[PDB]
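Visitor: I would like to see how this sequence folds:
(chains A, B, C and D)
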Amino acid sequence: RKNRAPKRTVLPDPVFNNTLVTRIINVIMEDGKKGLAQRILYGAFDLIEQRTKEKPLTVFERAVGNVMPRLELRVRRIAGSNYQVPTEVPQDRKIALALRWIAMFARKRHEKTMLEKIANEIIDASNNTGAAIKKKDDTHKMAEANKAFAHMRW
Amino acid sequence: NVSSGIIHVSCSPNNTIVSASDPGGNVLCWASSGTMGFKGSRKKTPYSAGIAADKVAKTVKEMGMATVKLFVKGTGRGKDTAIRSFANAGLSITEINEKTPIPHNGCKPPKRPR
Amino acid sequence: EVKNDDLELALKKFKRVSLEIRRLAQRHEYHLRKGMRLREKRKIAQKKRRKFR
RNA sequence: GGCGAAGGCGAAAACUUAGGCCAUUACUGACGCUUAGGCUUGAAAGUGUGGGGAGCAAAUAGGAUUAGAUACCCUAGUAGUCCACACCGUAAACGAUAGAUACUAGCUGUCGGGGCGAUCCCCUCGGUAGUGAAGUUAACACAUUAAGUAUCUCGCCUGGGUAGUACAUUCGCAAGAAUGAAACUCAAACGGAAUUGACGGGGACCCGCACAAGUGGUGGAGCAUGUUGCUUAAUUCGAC
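Guide: Numbers count the residues shown, from 1 in each chain, chains lettered A, B, ... in the order given. Take a look:
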């Protein structure tokens, strides 16, 4: 057991002015290389600008809002064949999970290029398809089904 | 079709049952945990009794009921969520009673599980 | 155990009626020896002595 | 808390009936304690005969977990648990403390009798508890209801495993009860108390990449290297 730990502060992205864009640019990061993930994300934003002409910020906010989960399932075992307990999830963790899901379902699809695949992921999330909205709704359905356990839980 | 009446709730330590009844004693409608979707060991929960009482209150609202007696019976933790749901459902509750099958020290109970 | 006037002041008193009904009924659902009956009765009597005074 | 000598006794009434406490200017005038043998009572289980059977439940059947489960859990389930007449006479029948008597600080309750008297409280004689010194005990602990100071009487003990077994005896239809060894073997024992650790699928509290939250890894292929096994002349020896 330990005590509560501090949380660091993220700087706003000084071209598009949005911290959620910074969280994207850090969660899609691999190998520790900003000059590559930044090109990926800004090319995806340019693609959003070109086809389906619309401000990238609006599409981003719509997709993020549609993806954030209302409840979170946390494992609490008592005996064999462990049962689950739905738990409420804070808004910071809400956006954390939403952006994680967006990135991780983005980096698994057809349309080989990362640019077009992540652009299609964000477009589909904005349009509420089965890319990540389906998984959000599935884990939401897993909640409030065991809500009898949720009411009496710790 | 009857303004007044009595609605019963039996809270067994393994299940719950609610039954509306005319003031004469005969019943009008009844629901329980089993009548709904979930069954098995998951039905002995306060949420189960709460929704069981909510369903019967809702379907007796269309049955035209008013201020109604309420006879709680049995031992179990689900006997309070049903009360709260009845209060929250918008009923005209006026009287609360207890009708447990409390025995004087007569017949011998079953053995201790150990 | 009939008692109710308007909304909730009787419900707050319902909890006390039930708890004691539950405590007394809980010893009529498992069978154990008469000697154990008296022993647990005296043990419960000690408990009241410790707190209620 | 009350009573009974112990086992035990708790819905209400009637009849019969036992013992106990207080005060006695009354009476017999040592008639008193203990008790081998004997007699009576003696939890539950069990047995014989006739009834009774709502609930529960040995034995038994089935469903679960487990490798197995003839157990713990669940569903059925007879004898029995109930009553009338007998038999069996065993229990941790425990206060693990035989009965009778005189004396030995005190304090806190509680119950009954008596005096005083609105209860409460005053105190006297008793019964039932806690705390507590001298005293006792190996210690725990007992301590005016003694395991204290002393007497009277009875019963019982003489290392443990053999063993409450065997034979013989008495009782009982019955299972068994009472009494009760030895041959052999060990230097100790299912010895007691207490002390320090260790352990607990015993509690209470507190830390760590422990769990939880993520990131990236091994077990899937190739290659390098080390080890085990095998092989040969050795595949030098060690680390496990």
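
Visitor: Distance of whichever residue of chain A sits closest to chain B relative to chain C?
Guide: Proximity to chain B, evaluated over chain A using Cβ to the nearest Cβ, is greatest for residue A:148 at 3.7 Å. For every residue, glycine as well, the C-beta is placed using N, CA and C. Counting by Cβ to the nearest Cβ, to the nearest Å, the gap from residue A:148 to chain C is 21 Å.

Visitor: My read is that that residue contacts residue B:46, right?
Guide: Yes - using Cβ atoms under 8 Å, residue A:148 is in contact with residue B:46, at 7.5 Å.

Visitor: what's the nearest residue to residue A:88 once chain neighbours are set aside sitting at in phi/psi?
Guide: Once flanking residues are discounted, residue A:88 sits nearest to residue A:71: 6.6 Å by Cβ to Cβ, 6 or more residues apart in numbering or on different chains. With angles defined as degrees, to the nearest 10, residue A:71 sits at phi -130, psi 160.

Visitor: cool, and residue A:98?
Guide: Per degrees, to the nearest 10, the backbone of residue A:98 is at phi -60, psi -50.

Visitor: ok, now which ones touch it?
Guide: Residues in contact with residue A:98 (Cβ atoms under 8 Å, 6 or more residues apart in numbering or on different chains) are A:64, A:67-69, A:136.

Visitor: Return the member of those residues nearest to RNA strand D.
Guide: When the contacts of residue A:98 are compared for distance to RNA strand D (Cβ to the nearest atom of the strand), residue A:69 wins out at 11.1 Å.

Visitor: That closest one and residue A:4, how far apart?
Guide: 23 Å (Cβ to Cβ, to the nearest Å).

Visitor: In terms of neighbours, single out the busier of these two.
Guide: Counted by other Cβ atoms under 10 Å in any protein chain shown, residue A:69 and residue A:4 do not tie: residue A:69 has more neighbours, with 18 against 5.

Visitor: That one against residue A:139, yeah?
Guide: Yes - Residue A:69 is within contact range of residue A:139, at 6.3 Å (criterion: Cβ under 8 Å).

Visitor: mind checking which helix or strand the residue nearest in space to the middle of chain C is in?
Guide: In chain C, the residue lying closest to the centroid (Cα atoms, centre = their mean) is residue C:20, at 2.8 Å. Assigned by DSSP states H and E, residue C:20 belongs to helix C:9-25.

Visitor: That helix near chain B at all?
Guide: Yes - residues of helix C:9-25 contacting chain B under Cβ under 8 Å from any Cβ of the partner chain: C:10-11, C:14, C:17-18, C:21-22, C:24-25.

Visitor: Buried subset of the residues you listed, written for ChimeraX?
Guide: Filtering the residues of helix C:9-25 next to chain B down to the buried ones (16 or more other Cβ atoms under 10 Å in any protein chain shown) takes a single ChimeraX command:
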select /C:11,14,17,18,21,25
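
Visitor: can you list the residues of helix C:9-25 next to chain B in TSV and add distance to residue B:114?
Guide: Shown next, in TSV, are the residues of helix C:9-25 next to chain B (distance: Cβ to Cβ, whole Å):
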residue	distance to residue B:114
C:10	39
C:11	37
C:14	33
C:17	31
C:18	27
C:21	25
C:22	21
C:24	22
C:25	20
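
Visitor: between the residues of helix C:9-25 next to chain B, which is nearest residue A:12?
Guide: residue C:11 (53.6 Å; Cβ to Cβ).

Visitor: and that closest one, what does it touch?
Guide: Contact analysis of residue C:11 by Cβ under 8 Å, 6+ apart lists B:83, B:96, C:4.

Visitor: from memory the last one sits against residue B:98, does it?
Guide: Which is residue C:4. No - contact criterion Cβ under 8 Å: residue C:4 and residue B:98 do not qualify, at 11.3 Å.

Visitor: Is any residue of the top helix by length along chain B near chain C?
Guide: Counting residues, the longest helix found in chain B (DSSP state H) is helix B:46-61. No - using Cβ under 8 Å from any Cβ, helix B:46-61 stays clear of chain C, coming no nearer than 14.3 Å.
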